[PDB]
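Data block below; observations after.
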Amino acid sequence: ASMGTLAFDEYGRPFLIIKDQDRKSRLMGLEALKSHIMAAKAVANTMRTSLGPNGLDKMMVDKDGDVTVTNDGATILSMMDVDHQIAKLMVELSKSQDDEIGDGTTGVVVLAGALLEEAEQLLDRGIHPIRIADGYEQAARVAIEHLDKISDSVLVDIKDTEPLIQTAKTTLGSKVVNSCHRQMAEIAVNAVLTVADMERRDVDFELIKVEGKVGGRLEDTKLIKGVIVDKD
Amino acid sequence: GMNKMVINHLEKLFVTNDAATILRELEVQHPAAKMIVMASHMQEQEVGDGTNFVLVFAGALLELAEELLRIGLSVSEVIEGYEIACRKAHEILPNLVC
Amino acid sequence: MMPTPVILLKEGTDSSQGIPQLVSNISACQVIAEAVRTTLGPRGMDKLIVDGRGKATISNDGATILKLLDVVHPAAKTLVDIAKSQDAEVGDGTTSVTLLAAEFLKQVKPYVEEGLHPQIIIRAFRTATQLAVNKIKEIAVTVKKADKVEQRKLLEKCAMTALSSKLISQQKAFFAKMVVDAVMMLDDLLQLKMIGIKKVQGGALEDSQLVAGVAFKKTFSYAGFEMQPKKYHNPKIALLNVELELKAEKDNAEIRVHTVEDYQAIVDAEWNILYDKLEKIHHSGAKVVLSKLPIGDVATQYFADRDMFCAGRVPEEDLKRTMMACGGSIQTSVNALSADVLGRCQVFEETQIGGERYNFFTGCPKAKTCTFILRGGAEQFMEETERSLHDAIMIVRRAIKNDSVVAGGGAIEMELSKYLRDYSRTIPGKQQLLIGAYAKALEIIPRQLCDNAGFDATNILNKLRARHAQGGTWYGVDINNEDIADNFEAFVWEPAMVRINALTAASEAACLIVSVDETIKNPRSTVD
Amino acid sequence: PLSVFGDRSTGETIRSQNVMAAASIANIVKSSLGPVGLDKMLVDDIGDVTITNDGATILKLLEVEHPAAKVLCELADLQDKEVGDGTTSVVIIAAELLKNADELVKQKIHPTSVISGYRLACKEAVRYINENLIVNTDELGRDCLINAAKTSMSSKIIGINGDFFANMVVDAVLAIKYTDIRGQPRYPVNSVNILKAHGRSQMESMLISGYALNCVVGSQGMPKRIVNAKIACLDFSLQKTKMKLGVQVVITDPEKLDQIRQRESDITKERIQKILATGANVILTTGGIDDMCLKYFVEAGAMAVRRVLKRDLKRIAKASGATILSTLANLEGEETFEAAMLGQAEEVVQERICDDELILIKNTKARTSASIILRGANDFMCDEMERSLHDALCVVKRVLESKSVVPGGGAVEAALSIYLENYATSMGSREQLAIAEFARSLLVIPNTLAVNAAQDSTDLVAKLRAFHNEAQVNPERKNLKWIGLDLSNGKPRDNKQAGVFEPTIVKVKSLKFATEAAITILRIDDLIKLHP
Amino acid sequence: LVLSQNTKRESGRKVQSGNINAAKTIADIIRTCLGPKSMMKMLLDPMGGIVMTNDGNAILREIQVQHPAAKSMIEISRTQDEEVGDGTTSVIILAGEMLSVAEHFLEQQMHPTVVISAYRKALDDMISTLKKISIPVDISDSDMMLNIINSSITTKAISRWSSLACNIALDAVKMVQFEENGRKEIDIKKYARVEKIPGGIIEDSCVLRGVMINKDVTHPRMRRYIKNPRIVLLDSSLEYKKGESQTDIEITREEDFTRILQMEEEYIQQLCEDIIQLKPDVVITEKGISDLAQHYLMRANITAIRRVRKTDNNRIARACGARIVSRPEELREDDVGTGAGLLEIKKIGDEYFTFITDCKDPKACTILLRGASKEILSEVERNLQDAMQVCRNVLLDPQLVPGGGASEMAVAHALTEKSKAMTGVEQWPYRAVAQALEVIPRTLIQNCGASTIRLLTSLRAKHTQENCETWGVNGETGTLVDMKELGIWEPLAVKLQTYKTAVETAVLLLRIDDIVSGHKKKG
Ligand SMILES: Nc1ncnc2c1ncn2[C@@H]1O[C@H](COP(=O)(O)OP(=O)(O)O)[C@@H](O)[C@H]1O
Ligand SMILES: Nc1ncnc2c1ncn2[C@@H]1O[C@H](COP(=O)(O)OP(=O)(O)O)[C@@H](O)[C@H]1O
Ligand SMILES: Nc1ncnc2c1ncn2[C@@H]1O[C@H](COP(=O)(O)OP(=O)(O)O)[C@@H](O)[C@H]1O
Ligand SMILES: [Mg+2]
Ligand SMILES: [Mg+2]
Ligand SMILES: [Mg+2]
Ligand SMILES: [Mg+2]
Ligand SMILES: [Mg+2]
């Protein structure tokens with residue numbers, strides 16, 4: 001279950017195949033699958049507590065002693081100092097969800113952990129993992145089709161921002177700014193709508209400058225329809 | 001003849017049945033073997049083939065010389081006889097051309 | 001042995017000779033094959049290898065896995081070498097070559113232990129390989145119609161077969177169609193550098209797309225870039241190799257003046273040189289400017305004032321793809337920017353893809369290049385997708401070269417094994433055992449397929465042998481139904497020269513391994 | 001998750017490791033099989049040298065750490081103990097069975113089916129040997145024993161001198177023959193004293209028509225030769241009498257001390273005259289004899305030997321008719337020694353053998369005994385001669401007890417291979433492969449013989465198998481069952497007429513033991529090795 | 001890990017080549033120490049002594065080697081020395097030569113078993129030829145005995161004094177000869193002791209007609225010179241000692257202590273009276289003698305010597321015809337040793353030596369060696385041992401064989417002639433091992449300093465004639481001379497043992513192709 005192979009030939013002569021083969025480990029098949037599933041389950045169970053409006057924050061400390069209190073799953077996993085390769089896969093999955101969408105970086109990790117947890121007891125009953133993956137793909141296609149079916153459309157007009165404000169409030173509910181919830185959602189919506197190509201085109205984020213300064217109160221956060229610079 | 005895998009001091013792998021290459025990639029340290037290797041390499045440079053012949057003939061000659069020395073012959077007598085026989089062989093060789 | 005005060009070889013030289021070292025070589029080859037044994041077939045599995053620096057590589061490609069292994073056994077490295085050779089010449093079958101070679105060696109190991117002279121084994125391998133290659137060329141199915149639809153269907157089926165073992169096998173039809181479309185737009189040389197492959201993190205596989213043109217990432221825009229319009233409906237593209245910024249005229253240039261009027265004239269002359277280059281580019285009529293060399297902020301603002309797009313520091317390969325797609329010419333001097341050397345495309349647009357900005361050149365009707373944009377949840381995910389697409393692209397290229405196909409799933413190897421056994425049944429008998437061992441060793445691939453699928457290999461092999469003996473050429477392993485079926489009718493198609501090269505390389509490796517009798521290992525120099 | 005403080009191996013890894021260990025053990029001794037086999041030289045890292053060809057001795061001397069390799073080592077030891085010959089063939093066969101069974105298992109054949117097939121194949125091979133391949137020794141005579149001994153001593157240091165060594169072995173074995181109850185003649189080997197002494201050539205080895213002691217007379221004053229020996233075997237020391245732990249001597253009158261001290265030795269004196277008065281000439285005792293009793297024997301002109309080994313004394317008493325006496329006590333509470341306790345021999349001599357002396361009790365009456373003095377060039381040669389001689393004695397004993405022999409030189413293995421290959425098609429569906437692999441594994445012995453002969457094994461074994469197939473197919477060619485291998489000329493040869501025999505029990509026990517060992521090792525698919 | 005970490009295994013052609021090379025090296029060590037012109041070697045004893053000798057066994061015994069083939073060769077040397085006492089260098093040289101000529105064939109594709117079978121057939125023919133070319137010896141003729149001993153010792157350092165050493169060895173062997181109860185024995189080991197006193201001159205060495213021991217009288221009053229002593233030999237102590245039983249005493253009266261001491265004295269007196277009853281003149285005992293016993297013996301005018309070793313007492317018993325007794329109460333007239341004709345305790349150097357050296361018909365003797373130093377006397381003792389061993393060998397077997405390489409060449413020629421009717425594959429090894437016997441004349445010529453090739457060719461041509469089996473090489477002049485006029489001869493037993501032992505050494509080392517080492521004794 002480790003050290004690779006230790007044979008030294010059946011004639012007594014030295015038998016060296018891989019460089020530094022005595023100092024290298026190796027896992028085989030089902031035991032490796034169980035170890036990976038357990039690591040992913042640990043990561044997902046760590047993440048799942050920070051899910052929802054009542055989710056609690058994770059208070060991250062980097063190698064230099066800087067402290068980051070956060071609820072964003074991608075931010076937590078990026079700063080997490082993992083060594084297991086499957087944990088790195090979880091981190092990269094959360095970062096990919098952040099890059100593509102920007103929200104839901106915690107739901108993906110929990111969902112993947114649950115999927116692997118069920119796959120564990122499915123493998124215990126003697127199902128090939130490729131069959132489990134195929135079934136998961138089929139069920140995911142079914143779920144995506146159902147999501148399209150039960151989807152609802154909202155107006156993205158500037159004259160009526162109520163659905164947009166509600167969506168931003170739903171996104172911000174789980175964060176610490178829920179004290180200033182409606183104001184912060186309104187400023188986010190106005191910031192996006194002011195700078196955007198209206199013909200369903202892209203929104204250039206580098207035209208929105210997010211600058212923070214200590215002091216005052218969180219309620220003093222405001223949207224400036226211009227530029228603020230750290231110059232005099 | 002069978003090929004030989006030879007790993008030189010730089011871990012470059014040579015697999016061949018060419019005597020000159022095998023001798024080149026071997027870390028020969030005994031200086032008499034060094035002289036025989038130089039003879040083989042000189043044969044390779046002059047002609048390009050027959051290096052294994054050179055090595056085998058030198059080994060056989062030296063073993064039979066050792067036998068002659070053991071039975072009582074002096075080194076000088078063995079050397080003189082070897083030179084005479086080499087001259088005779090070089091004289092005979094043109095007549096063997098087919 | 002005696003101390004021999006003066007030793008012949010350098011101290012520490014290790015020598016192994018005779019049958020035991022040959023048996024050890026065979027065992028090492030078996031070990032090497034075992035490391036990639038489970039990555040074969042639609043039920044194959046991936047291997048994760050971590051290097052010294054901690055970076056992991058997840059791959060199903062046999063050649064990649066073997067390369068990531070630090071094999072130091074002189075006989076075992078031959079399997080890695082032949083896998084790399086198969087990857088280079090064909091691009092698919094890197095897993096099959098190692099299995100075939102190791103199985104040949106394992107089959108002839110008992111005869112080696114009996115003191116059989118290796119030359120007979122080598123001659124038997126050569127004869128069997130020649131017969132097998134001739135049989136493959138004889139029974140390979142080719143269609144002489146020059147029909148575009150049938151050729152495209154054959155290409156798609158071959159791509160699907162080459163793709164139905166990787167993590168993108170669930171979308172194998174989709175990527176096979178993309179690969180066929182991309183290859184058919186290459187002109188005559190089928191150069192790989194003309195098929196761009198961009199990996200953008202985040203997004204499903206179905207979000208990956210093939211661009212009928214060229215696309216590349218945004219390249220370090222300077223200030224004032226955001227005022228440039230990011231969409232054009234009929235732009236002319238100026239492909240340049242020019243540094244458009246204020247700089248010293250020459251590295252060894254020196255200006256000597258003794259009057260302030262000359263000083264002002266010199267600064268105005270530098271500005272006028274830059275503005276003359278920019279004015280020539282503007283009056284060329286182009287709307288999109290791409291340069292291999294950096295483009296300064298002054299040039300960026302100048303182009304923004306004219307409602308023009310600029311992008312400096314574009315990689316050379318991307319510029320070549322843009323030239324082959326839009327149809328212009330890369331210019332080192334802007335002194336003659338005639339309409340002949342200007343690219344042209346239907347639509348240019350900058351769009352955001354997964355947190356990154358990409359410039360799109362679409363609508364080129366005479367484009368000879370492509371651009372794959374791949375989406376995934378991890379960088380190793382995209383790496384493995386790129387490797388699988390590379391395998392498919394190589395297969396489609398070889399199929400373009402010649403449309404000679406054989407049925408996969410081990411059907412071809414059952415036919416070859418039956419033919420070789422029938423041939424061996426009609427020879428005096430010393431070569432008969434060796435050729436029969438070769439034919440039996442040819443059964444490893446379907447057996448490995450059954451083992452990977454979790455089947456019972458013995459019953460499937462017996463049924464396949466009975467079916468082939470009693471009539472039937474393209475019967476192989478049916479993975480979904482846990483049975484056997486006519487794989488040609490199931491469209492499990494492979495180019496014939498894939499198996500031809502696999503057999504040739506495996507036989508050559510086996511002969512080379514068997515031919516060796518003594519291994520000499522000189523001590524390391526400067527172990528440090 | 002297991003949290004077991006040790007290393008765990010499971011699946012194909014442990015099976016391959018066990019097969020590798022067994023193959024290594026087999027390959028260690030594969031080069032010492034058959035007449036063209038060669039001996040091995042073992043050094044005991046202190047300078048001790050052991051030159052031997054016996055597989056059991058080699059495996060017993062070696063240091064083995066893997067449990068699977070151990071299993072084969074005590075397999076060879078058990079084969080040596082229960083048979084005495086074939087301690088290398090059993091190891092080779094067991095390893096080949098393990099190798100082919102592991103190949104079958106790797107082919108996804110369940111190990112239980114392989115075990116069942118191996119059991120069936122072993123039973124059928126034993127039955128085929130018993131009813132087809134045995135030759136009764138009644139119609140062969142003493143030549144059968146001579147040929148069996150010569151075959152046993154091939155591949156040994158005394159192989160070429162077999163023409164004389166076999167005669168010596170047969171004579172000794174027939175000499176030590178005795179009959180017990182139920183009328184079964186038993187041949188108690190290990191009652192033949194084997195004495196080793198370097199010196200003259202091998203051909204000067206002597207077979208004593210009596211018994212040989214590795215002891216000398218206690219005193220130079222005693223004669224070194226008595227014609228009409230009246231042997232008195234004793235099991236008590238003849239020393240000055242000492243009171244036991246529970247008895248003390250306390251003196252209150254000084255006049256008694258001299259009498260006490262005088263009787264202290266007069267007791268043993270009186271015992272000596274009681275022994276000698278009956279006419280005894282040779283006195284043998286397991287205990288020591290002090291100076292005074294040695295002088296007592298010197299004056300009487302008798303021979304006295306001290307510190308005689310108990311087994312040698314028992315053999316001498318049995319052969320000469322003497323009775324071991326641990327004490328001189330009759331049923332009347334007296335000290336006595338009757339003449340009926342005396343053994344007789346035609347001569348007792350202390351001969352000189354290469355700067356050393358040993359006692360020869362020649363031509364004992366009432367029973368015929370035997371002993372062998374082996375003359376070699378040095379100690380290692382004598383030790384190897386002793387081991388080979390013991391092998392030959394065991395083979396002759398097996399032949400004389402079980403009166404059936406089988407042809408040698410791989411004839412039995414080839415016949416069984418052909419028969420089992422034919423028979424596998426009639427039994428089961430998956431154990432058929434196991435029976436076929438058993439048949440193939442049985443072919444390693446002729447292959448090893450041919451390989452050791454530096455000859456083409458493939459064509460020779462093919463010819464042998466063709467001969468046996470013709471024998472098993474054509475009813476009128478059944479005389480080809482005895483076709484074996486002629487290692488000198490490298491050709492098939494009728495070994496029955498060539499005089500290459502061996503006991504049937506050797507093959508039967510070797511097959512059974514190898515099958516059981518292979519089955520035992522084949523059931524391991526998981527290994528847990530706790531740290532010490 | 002199957003075998004241990006320290007288990008080293010090597011096999012193949014390398015093992016055979018290494019074994020043969022090790023045997024050749026062992027032979028080369030003592031090559032120059034053969035023949036009348038051999039030169040001596042200095043061996044430094046690890047305990048600190050110096051061994052200066054040219055004896056093959058003495059040289060090889062002090063060599064510590066690691067290669068097991070060398071150990072086998074050393075054991076061969078020891079076996080040859082023990083069995084016959086001569087020809088120790090010859091057997092080593094012959095074994096090396098046969099192993100070399102066997103390596104020649106092993107380099108080709110010949111299996112070792114064929115070489116071994118050819119070697120055994122050749123050995124049988126060698127024995128037959130030696131028994132054929134032998135000549136009888138009349139043991140009653142002392143001149144032939146002396147000449148045989150001289151030819152035995154002419155190659156040693158004692159050759160300068162040949163007549164004296166020959167007479168000493170012959171007399172010692174003849175007088176130690178014994179026969180009892182129909183059994184004949186010689187027993188140079190137990191009796192015929194060699195005792196060396198450094199100093200004096202070698203010509204003063206002689207064999208005494210009796211036994212000499214390094215002992216003195218227990219007290220000055222007894223006589224140091226007795227003409228015709230009646231010697232009584234004892235084994236037990238002559239002093240009061242404890243018994244084996246637990247024998248505590250309890251004293252409650254006044255006179256019991258004095259009575260106990262007086263009884264001790266009375267017991268000593270009773271033992272002394274029992275000894276005196278035989279009227280002896282000398283009392284020799286294994287153990288101590290109490291002073292009171294000495295006084296009681298002196299009152300009867302008896303010389304007493306105590307603490308004599310058992311071997312010396314046995315030698316005295318053989319010499320003077322006495323019997324060792326343990327209980328003086330049972331001392332009979334037969335046990336009294338009469339036959340010694342003189343007993344004398346004289347001072348040599350600064351030590352006292354007891355002489356009993358006028359015995360009539362003595363069956364034991366001592367050889368008194370006087371010389372320059374201890375190492376010279378050790379070498380002289382070794383040479384005398386060789387002489388006595390040769391004397392007893394030729395006295396048991398009266399067959400004799402020509403020396404100086406004549407027998408080697410004769411047997412080689414006979415075997416070569418027999419090899420012409422083989423027509424098999426064994427003829428080549430048979431002829432090679434036949435011609436391997438030429439190494440003895442070859443090394444004799446090499447040590448002599450003459451031309452090896454020319455002399456050997458002349459000898460080989462000479463041996464092809466009809467009657468030339470006695471033609472050898474004059475080892476001190478390098479000329480072909482008939483050995484029936486030179487006078488060099490060897491006992492047939494020595495040659496037979498040498499040939500057999502060399503051939504079987506070659507067979508034993510040829511039977512081996514695999515070497516494993518490093519394992520513990522496991523016991
Ligand atoms: N649909 C299928 N059914 C059965 N076998 C298949 C199918 N698709 C591919 N194979 C088999 O998979 C093997 C190729 O596996 P893969 O690892 O992708 O490449 P390689 O040739 O390097 O092993 C081929 O031998 C082929 O016979
Ligand atoms: N003269 C001979 N010719 C052919 N084969 C022989 C001869 N003598 C013995 N054999 C065979 O050689 C095989 C190996 O015997 P050997 O290894 O010496 O005994 P063990 O197995 O006790 O070590 C035996 O099975 C026997 O049949
Ligand atoms: N005077 C002589 N001339 C020639 N040869 C002699 C003479 N004396 C002895 N030899 C030979 O020398 C050999 C004895 O050599 P030696 O030094 O005694 O060796 P080792 O002690 O082993 O016998 C004998 O074989 C004998 O034939
Ligand atoms: Mg959210
Ligand atoms: Mg050439
Ligand atoms: Mg593939
Ligand atoms: Mg045997
Ligand atoms: Mg001598």
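Note that the numbers count up from 1, one per residue, in the order the chain is shown.
Backbone N, Cα and C define each Cβ position, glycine as well.
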Where does Swiss-Prot put SUMO2 cross-link, among A:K19, A:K58, A:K222?
A:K19
Out of A:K34, A:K88, A:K159, A:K209, report back the residue that Swiss-Prot marks as SUMO2 cross-link.
A:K209
Annotation match for phosphoserine in Swiss-Prot, from A:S25, A:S50:
A:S25
A:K95, A:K169, A:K213 - the residue Swiss-Prot records as SUMO2 cross-link:
A:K213
What recorded positions in A:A1, A:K19, A:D103, A:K209, A:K213 place CB under 6 Å from ligand 4?
A:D103
Using a 10 Å radius around each Cβ and all protein chains in view, which of these recorded sites has the most neighbours: A:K209, A:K213?
A:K209
Recorded positions A:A1, A:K19, A:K209, A:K213: which have a Cα within 10 Å of A:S25 (phosphoserine)?
A:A1
At 10 angstroms around each C-beta, which of the recorded positions A:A1, A:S25, A:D103 has the fewest other C-beta atoms nearby?
A:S25
Of the recorded positions A:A1, A:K19, A:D103, which sits closest to A:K209 (SUMO2 cross-link) by Cα distance?
A:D103
Quick one: Cα separation, A:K19 (SUMO2 cross-link) versus A:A1 (N-acetylalanine), in Å?
18
How far is it from A:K213 (SUMO2 cross-link) to A:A1 (N-acetylalanine), counting Cα to Cα, in Å?
55
Using all protein chains in view, find how many other C-beta atoms are within 10 Å of the C-beta of A:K19 (SUMO2 cross-link).
12
Could you give the Cα-Cα distance between A:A1 (N-acetylalanine) and A:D103 (Mg(2+) binding site), in whole Å?
41
Quick test of understanding: given the recorded positions A:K19, A:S25, A:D103, name the ones whose C-beta is under 8 angstroms from chain D.
none
